Every structure is written in C-alpha cells, then in structure tokens.
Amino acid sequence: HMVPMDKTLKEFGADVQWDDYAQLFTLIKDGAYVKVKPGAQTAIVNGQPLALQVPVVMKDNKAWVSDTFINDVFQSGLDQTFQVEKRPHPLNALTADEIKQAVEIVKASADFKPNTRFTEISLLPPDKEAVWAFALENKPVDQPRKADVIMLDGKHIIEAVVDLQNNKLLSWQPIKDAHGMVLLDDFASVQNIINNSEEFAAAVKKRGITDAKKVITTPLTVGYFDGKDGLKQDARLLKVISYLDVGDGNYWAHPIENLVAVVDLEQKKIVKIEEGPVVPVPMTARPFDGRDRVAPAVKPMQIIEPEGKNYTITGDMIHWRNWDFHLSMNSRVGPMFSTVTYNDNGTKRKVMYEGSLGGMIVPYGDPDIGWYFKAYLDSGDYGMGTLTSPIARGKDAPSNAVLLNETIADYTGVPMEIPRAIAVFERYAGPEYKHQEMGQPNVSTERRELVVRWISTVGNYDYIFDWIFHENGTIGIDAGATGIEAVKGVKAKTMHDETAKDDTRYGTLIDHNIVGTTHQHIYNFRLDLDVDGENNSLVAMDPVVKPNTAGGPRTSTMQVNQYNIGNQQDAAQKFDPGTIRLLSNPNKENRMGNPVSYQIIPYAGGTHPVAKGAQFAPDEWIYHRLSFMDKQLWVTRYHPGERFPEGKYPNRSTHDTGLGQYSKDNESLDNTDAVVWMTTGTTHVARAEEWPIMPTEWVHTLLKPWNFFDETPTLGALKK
C-alpha cells in the first residue's frame, strides 16, 4: 500500500520542495531536514544516511511513498532535536492524565455541581529551594505533586488543592467576593441570550438593522465604578458590544454604536440595555484576508539548518549553547521560563528561577456609553494560554523554527492539546562583535539569538511575545501587537464633515464613519531573577554631570550617583532610560571585585509612542484598581502566591490586590530573594495605515549581565 507523497506530507505539516534538475525532494519539518531522490534506497536526514526498504516512486510526474515513510524518516532518531527525559523535572506542567485525575478527585466531593467549570487547573508551585536543588544537584523532590484546581460554581470561586501522588483532596475553600474570569462558554451564552431578547431585537431594528440574526456580540468585563454604572456588585455580569456581519469576514468593521447590553450570566438574561444616539452602521466591505486582493508574486527565501539544530529539547528542558531552561505552559499567562542557568566554564550559574508574563491591560480613553468601562485584562480576565493562537508555519515564525505542542485543561476539565503553541528558533542577529584595526586582518563573529515565541489572541487583538536568549548572557523580552482595531461608528466620512471634530476627540478617523479610539497597551512581566544566587539587592546608578574639581580646562565631568534601594515603596518607580538599575548579588563578585549583577531595562524601545504611565486621572477607578499601570519597575520579596500584577481575581475588583498590595508593606529588599516586575506600555493613537488590519508593532525590554562575567562572554574557550 502506498500514498501520494505530496498530499500526505502536507497533511503532516512538512514543507515539500521538488528540484527537477537535481531530481531531488527536500522535505523540512521542525528539526528534520530531509533529502530524497525517487528510486533511491537511501534518504538523508540531517546529513545522515537512512536506509529505505521502499524507495520514493515517481509515476506520471507524481510521487508516491509507503504508508510507513513519514514515521520511518521523521521519527528515525537521526533528527536529534528532541530527546527523552530520564527523570521528570518537578516543574513539568500537569499531563493530560494528571488533569483528568484532578478533575475526578474534585468531582468525588458532594459539593461538585454539573454546571461547575474550571477557571484554572495547574501544578501547585513546588518548593523553590528543592526545585533549584533538582536543577543544579539532581536532588529528587520529596514532596508530592499537587494541582491547584480553581472552580467557578455558578458565580462563586472555590479553590481546591489535590494531592496527585496520593489521589486525595487536600482542601476546598470558597473565596468570598471573588468574581471568576470569562470562560469560553460565556461567549456562546451572551450571543444566545441576545438572539433570544425581544427587547434587544427591537433596539437593533431602530438603528437600521433589518436582520437581527446577523448581529455579532463580543463580551466585555464591566469593571467597577462604586455604583455609578448602576450595576450590582454581587452579580456575575458582562457587557456586550455588537457588530453587524456583512459577509466580509470582518465584523469588527461594522460597529452598532451606542448600544450596550448588560447580561447576567446566572439568570441568563439581559438585565439592562443602555442606549445612546443612533449612528448608522458603517456598511462598506473591509476584508483583511485577501479575498479582494491580488496575490503577491514573491521569490522564495528559506532559512535552513541542514544538519539539524544547535538546541536540544529534552522533555521541556531546552539546552542551547551556555543556556539551560525549563519551558512550560499555563492557561492564564502562557509560557513560563524556569530554572534558567548560564554555564560559565562548567559551573551552571543561576540567572532566573521563574519568568513569565505577569499580566496585561488594554484600557480605552473614550467616555461614551460603549467605551467608558472598556479595558481588556487579557490574561487575567480571558486566559491568554487558553487563547493561544497556533503558529502559522513560516509566517508567524521563520521557516527554520521548531513548533511545540502544549497541553492545558479546558474550562470543563478536559485536556486540550494546543498545536504549534510555541515556536523555538535560532536567528542570525548581525555581528556579535567586530574590530577592523587599520592595516590588520579583520575580526568579526556572528551573533546568534535563541527566540521562544508565543502568540495569544483575545477578541480583536493578537499579541506576540518573544523571549530572546542571547549567546552573551543578555535576555530580551519583546511584545508585539497586531490584529483588528476596536473602532467607533461615527457620522463623519472625512475630516471636512460637520461632526468630524467631535467624532475624533478621542481617536483618529481611520476610515469613512470609523474612528480608532485611543487606548494604551500595557504589559507587565514577572521576573524572579536569582542573580548567581537567591540573595540579591536593588542598586541604582544615575549618570550625572558634576562640576570638575580636578583642575584643567573642563568645567564638568561625568560621574555616577550610586545607592541601594532598600525598601519596596522606593523600588516601585518610573524608569528613566538614562539611568541604570541593577539587581546585584552583594555576596558574589567578579574578578575586579564588582558585585555580579543584571541590568534591568523595562524600556528598550518600541514602534508606537511610549506610555510614561497610565493615561487616566488618579481619581479613576481603573487607576486605583491597577497600580501596575503607572510605574515601570517594581521589586518585591519572593512569595509563591504573588504572581499577577493585577491581582488574582481582577474581575470587578474594588481595590488593588496585585502589585499595589504586594509592594505596600515596608519590608526590606536588602540581600534577600527579590522578584522584579517590569511594566512597559504604549499609547496607541491610530492611523489609516493600521486599518483594516494593524501591521505588527513592537516594544522591547532587556536584562543584561552587568559585571556578572569577567570579560567579553562570547570570546570562546581559553586555549591556555
């Protein structure tokens, strides 16, 4: 039995290239680079020969292979990229079996109800000291594997802990006043509830819509306004904004402006319809998928690694040059980078215990009925890991990437495998260093970066996160944004129309009858750096101009004001990118007697205007609830339950339970276990170039070794 080679390999996700001159197929998938000629009894996999019992057969310009070919070639072992993990790492995410087991254990209590959903099922953080001992000494972790199981019982949150080793429930705790995040079934519920509302269909008819079945809803959290929004605090509510489906694939381009429904998800009813002035729906077709466009003629470009990759993935442990780290997936915040070490001439040095997205927010600037409450807490309120967008091979990541699948629990407690959840790729990044001494031979070396990329889409916007490991010890974290603008329907077609000035008070006119409402994108990263050890201090170095007291012609000099920042409140600060902020180990020095440090750069640039803080007056509730928005650098003491800058349960939160809380108490940051949080944000004023789809815009952050090493780290191995 034999299958058509081209079709089968494409199903499988391999790139298939035929060279008619060479009579050669080149097949590429992840770490496998394969060469095979029709009729040959050997193929080449990553430069190594593989015997084929059944050769590729060409017949009438059509290739056929055996139905074992794909497994024989790609799973041969000659692709060495993935290796089997001997002893499981204690930070490995919950397996499918462990998820199913946790869901069985909670279902075995009399309190479980059939409408109960799971907001999160995740590994309970094992003891940090023990985890580091596993990574650095191979000391086994004695404590049992546990899962945190967070349930939504109607509107009530319950935190359960289950012991997986012993198969028992350890705790079951109602969380008073907490609201749950938005779950996947809420999207369908809102759409269904609107479809069944007589009142809503009438409201929609008054605004020009002839067919109410073409209305697309989007669910938004309502925030908190101490009753000014007229919404009861104990109820599970969402607000609902609507758009008209005109068959262009882009309902986002057809807002039904000034109509908001408030839905109670327990009652499954619209409890309030807020109605403002009638604005005709913008109707013009604005597809972004290319259906109305000519396909580009473009010459091929491929990035190829024909002998395989320089990294090895052993279970979830990535090894690459001097770097080693563990990579896992969480349903709320996505990728987590753990037990990150740098091998310094045989000694693995601690750099970071755990790093991940902390949380993010996209808050809007328009006071109108459809907008005033609008703020996407993308990870906290919607679950960015859950909403991971599978990588489009060769487009969302380069042609030389390896794409990883990742497993999490869905909202019913069923395992869910996300295909192509994370891309890993090595890239050329210019010269690592160069010196061309006049009249001498050149010295140049190439820079290589290892990128780990993850994309999550929450409604209209798509977010890309790159964690960039530099060979020289630097770590970059870049955040990209693309997708479809949230737009306001307006009466102005151009800036010459009567309502244009009022229509554009809170955003730019980017199409006829369409305003891209101004807003911010604010990302926060939680980085538990352990700079060559647990015990670290925050050090400021401010470059300053001081009078010259040394004689000679100069009136001034360049000096530095250096000081320790010993308490948390002072550590919560604006970042001046002309200053230096270090996390230093006061117990370990480099060869020159300088404390081994990492320089923390929360703002290393971006392509949109930068946010210096929150674009909200300080008496706004969103400002009060989310302190993380207004400072770029925070340092707190390590605590395994302080993970989210917005707080654990931010939906309708009445006060700051995140970084505002964590940094509040005057506890010492001197020579202790510190956690760094970086906030970086943009202020997005729209332009027509961003409509109907926004070209990817980026912000950059950096962590740089600062006297962590003794010399240029990439010089190579010493031959003496």
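One-based numbering along the sequence shown.
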Taking only the CA atoms, which stretch has the higher mean B-factor in the record, 12-20 or 705-713? 12-20
Quick note on 270-278 and 361-369: per-entry mean CA temperature factor is higher in 270-278
Looking at 660, 49, 695, 692, which has the biggest Cα B factor in the entry? 660
From 104, 528, 79, 396, residue of greatest CA B-factor: 104
Place residue 474 in the lowest, middle or highest third of its chain's C-alpha B-factors, as listed in the PDB entry. lowest
Name the third of the chain's ranked CA B-factors that contains residue 673, choosing lowest, middle or highest. middle
B-factor third for the C-alpha atom of residue 413 within its chain: middle
Assert third(CA B-factor, residue 224) within chain per record equals highest
Among the chain's modelled residues, which third holds the C-alpha B-factor of residue 640? highest
